[PDB]
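First, one chain by itself: the form deposited in one PDB entry, in structure tokens.
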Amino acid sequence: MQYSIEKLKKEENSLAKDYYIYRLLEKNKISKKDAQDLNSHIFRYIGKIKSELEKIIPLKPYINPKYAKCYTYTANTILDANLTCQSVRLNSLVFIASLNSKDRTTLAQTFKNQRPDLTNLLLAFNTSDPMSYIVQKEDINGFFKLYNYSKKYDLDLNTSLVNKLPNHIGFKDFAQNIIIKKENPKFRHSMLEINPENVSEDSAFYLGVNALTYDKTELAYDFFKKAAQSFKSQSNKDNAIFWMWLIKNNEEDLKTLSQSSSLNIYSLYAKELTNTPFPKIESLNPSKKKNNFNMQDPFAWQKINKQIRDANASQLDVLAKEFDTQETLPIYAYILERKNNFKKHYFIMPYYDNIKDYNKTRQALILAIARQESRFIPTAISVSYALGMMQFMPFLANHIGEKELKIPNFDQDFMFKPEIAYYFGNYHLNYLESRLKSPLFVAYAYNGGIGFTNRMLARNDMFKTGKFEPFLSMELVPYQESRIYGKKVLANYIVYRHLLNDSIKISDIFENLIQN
């Protein structure tokens, strides 16, 4: 089922509409005339749809009309520009780097009183190490502009300076990136002297991980304790309390972790170590078979999803009743997760007939991936236009569909069919498992590609033997999305194996992650 550009313009803006516009663009079906008023019909003007539309209508914009004259100057003529223009152009460190040193000295004096931040950057670029100059002034704003300009700068930072960095909004991403990428070792070592009083939440957590890489277990405990006290989400608290336990072995930490309302790998592990029963998994079994909603219509999902997200307690009860059917089970569960304020545990098994002939271990992995990828919504579409319950990108879907399986009249929109999604998911999971074995490693590869997973596993500091392994390595996966994805899919997999009466102990999974 195609949609022409006319039909699409009559639909509301969404990721579904973006997807169908992108399909027209890749097939060269959008003329220069169709493309004129098209920016206002795109929900997320980023990535592939933007670069494709810009081959048709290339946009020169956007400079602010107030500062238009300021962008006519260059490095050779900046001293002819008025003071407002000079200051605007000095926002760019590349521009500052391009200036000659006589003109940097001149501008530095011009700006000493009213903007000493500019003065420090100007004079810093007259040296062979701008980072060293900015560090000596303890100019915190300048430090972050330099780091964003270039990641190669690396230098030891003293106690006074590192303790000022956390007050800047850049700090969290700065600390995480250098820690998980294992870059800027002098910055990393310096961050051992940040007082836990001065950090919180994610920044405290990563400063704890950093302390562990230098075997500073006492500093690590203090950071993780601060993370546990300050974290918003119960899931992140648990992650931090686990580390508190692993380092200092206090049984009250483990007990607290075993009694957590969040179902995650850390609370599940704590329950297993204390002989606490497996948590209660809700049971959704609607008597009503079907209703008038079309689960194969991606536009209807975008519409109903926005209703659900932007609704009061009263409207969620009406929606709950309407979608309490077998045909709409994934929507029901979606509504109930928001109706109960994320307190209860929903692990549905929809369109089960398509997977009941696989072994129960494979069933659980399929279900665990699907739960995380789409919450079982058949027409789910990601921002990169991954499609259906198992979130296949068009390239992979066409390779499997057209070349490998030779399906007649295959179109990528077949990924919206549960039968096809599960089938292809099984096929692709088969390929990943034969090479990787652990369901955790499969999950990393399913999300980030087998390329990066093999690169990570080929390193001699990842998933090898050690005091805190494999738990330390799970915190050092070099992409945030993949670190998180793996933890969640692993918990899902444990739960689904339990519901299917093929339980496995999570301690066995953790033992199999250590490469021998």
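Numbering starts at 1 and follows the sequence shown. Between two forms, the rigid core is defined as the largest C-alpha subset superposing within 1.5 Å.
Engineer: Averaging CA B factors per stretch from the PDB record, which one is higher: 138 to 146 or 340 to 348?
Structural biologist: Stretch with the higher mean C-alpha B-factor: 340 to 348.
Engineer: On average, which has the higher Cα B-factor in the deposited entry, 309 to 317 or 94 to 102?
Structural biologist: Per the deposited B-factors, the answer is 309 to 317.
Engineer: Can you tell me which of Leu246, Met191, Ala386, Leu284 has the highest Cα temperature factor in the record?
Structural biologist: So the option with the highest C-alpha B-factor is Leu284.
Engineer: From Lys488, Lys69, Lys467, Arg483, can you pick the one with the highest C-alpha B factor in the entry?
Structural biologist: Out of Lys488, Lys69, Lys467, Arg483, the record gives the largest C-alpha B-factor to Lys69.
Engineer: Please place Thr453 in the lowest, middle or highest third of its chain according to the CA B-factor in the PDB entry.
Structural biologist: Middle third, going by the recorded CA B-factors of the chain.
Engineer: Comparing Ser382 with the other modelled residues of its chain, is its CA B-factor in the lowest, middle or highest third?
Structural biologist: Its C-alpha B-factor, which the entry lists for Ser382, ranks in the middle third among residues of this chain.
Engineer: Could you tell me which third, lowest, middle or highest, the C-alpha B-factor of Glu373 occupies within its chain?
Structural biologist: Answer is lowest: the recorded C-alpha B-factor places it there.
Engineer: Split into thirds by Cα B-factor across the chain's modelled residues, where does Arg362 land: lowest, middle or highest?
Structural biologist: As the PDB entry reports it, the C-alpha B-factor of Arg362 lands in the middle third of its chain.
Engineer: Based on the deposited C-alpha B factors for this chain, I'd like to know if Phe299 is in the lowest, middle or highest third.
Structural biologist: Answer is highest: the recorded C-alpha B-factor places it there.
Below, we refer to the form deposited in another entry, which is not included among the displayed structures.
Engineer: Hey, after the core superposition between this form and the one not shown, which of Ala311, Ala300, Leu273, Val162 has the C-alpha moving 2 angstroms or more?
Structural biologist: With the rigid core fitted, the residue that moves is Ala311.
Engineer: Can we say the CA of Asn426 moves by at least 2 Å between this form and the one not shown when the core is superposed?
Structural biologist: It does not, since the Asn426 C-alpha is displaced less than 2 Å between this form and the one not shown after the core fit.
Engineer: 2 Å or more on the CA of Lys356 between this form and the one not shown, with the rigid core superposed, yes or no?
Structural biologist: The answer is no; the displacement is under 2 Å.
Engineer: Is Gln234 one of the residues whose Cα moves 2 Å or more between this form and the one not shown, with the core superposed?
Structural biologist: Superposed on the core, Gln234 moves its C-alpha less than 2 Å between this form and the one not shown.
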